[PDB]
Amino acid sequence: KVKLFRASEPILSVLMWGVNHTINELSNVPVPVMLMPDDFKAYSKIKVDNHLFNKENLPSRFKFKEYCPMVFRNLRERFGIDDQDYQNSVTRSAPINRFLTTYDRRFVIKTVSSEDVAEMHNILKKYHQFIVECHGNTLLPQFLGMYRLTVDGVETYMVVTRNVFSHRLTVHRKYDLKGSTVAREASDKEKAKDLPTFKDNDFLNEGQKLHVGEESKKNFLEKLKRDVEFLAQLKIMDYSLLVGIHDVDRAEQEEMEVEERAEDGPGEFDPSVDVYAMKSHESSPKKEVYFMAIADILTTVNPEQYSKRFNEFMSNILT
């Protein structure tokens, strides 16, 4: 039951230690009837200066700050994430590859700028209220924690989200879509990578389509509508639709080759866990799973119109 907080970088150990630390302290804090306004300006801060002690994995000296912990605890709850699960995902083993995933691929940890952290505060009261009135049903990023780590006098800002992708199903192709009239494509650099991040004209040029079926398309499009309208209400623009594609047969084969090396359920998922996943329509050219979520809402044409434009595009991404 010993947790060592062992990691490739001291930053990771401190991250593991702080999530572990704060989740445990929160376990000693009654769950409130409601969130008070201060909760939105609140934060916790701990500074550690150990001497000749417990220095194998943690640095002797570091700081950890959690923004607005009462609010994020509540967000986790409304997103149906149990605090102990969250803690275990982060601390049972070092997050792996600034962009990390928890070792079990449930949670994504992004290193952000100070400005990003500033925007979360700005948007936080309304985002919460919006998560309340849409019952956690949303294509928006789902925020679970915000933290500032300090190691060797250096401050690092981090935001934890639920993975847009499945924690279990492989992605075989992703796109970052915006719907911009501007040319959007992948550099020769990108296309050369393993899992390139294709863009608008790649999607349009490939003739790609996402066969989800009318009932999913409608539910999807109703989410997209209020999400982008909510974002337009704030001063927010230039976010993307992150699209991941999972080829069910290709995976079955990949798995089969995986076991072969040892010797020598099929494209389904828990919609409560892989929250952005959608099956293909029974009459799809091939058996697929899609993951679709709005990306990057923190960091001519104005907002209101973007939501209008962004919206028309994603409505045409599918059938």
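When you see a residue number, it is the position in the sequence shown, counting from 1.
A chain break between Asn97 and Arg98 is present, corresponding to 4 to 9 residues of the deposited sequence without coordinates. Missing coordinates between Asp264 and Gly265 amount to 10 or more residues of the deposited sequence. According to the PDB record, 203-211 carries the higher mean C-alpha B-factor of the two stretches 149-157 and 203-211. Higher mean CA B-factor, judged across 194-202 and 103-111 from the recorded values: 194-202.
In the deposited coordinates, the residue among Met34, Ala293, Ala251, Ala42 with the greatest CA B-factor is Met34. For the set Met237, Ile131, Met120, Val243, the maximum C-alpha B-factor listed in the entry falls on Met237. Sort the modelled residues of the chain by CA B factor and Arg76 lands in the lowest third. Among the modelled residues of the chain, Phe165 sits in the lowest third by CA temperature factor in this PDB entry. In this PDB entry, the Cα temperature factor of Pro303 sits in the top third of its chain's modelled residues, the highest group.
The PDB entry assigns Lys279 a C-alpha temperature factor belonging to the middle third of its chain's modelled residues. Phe220: CA B factor lies in the middle third for its chain, per the PDB record.
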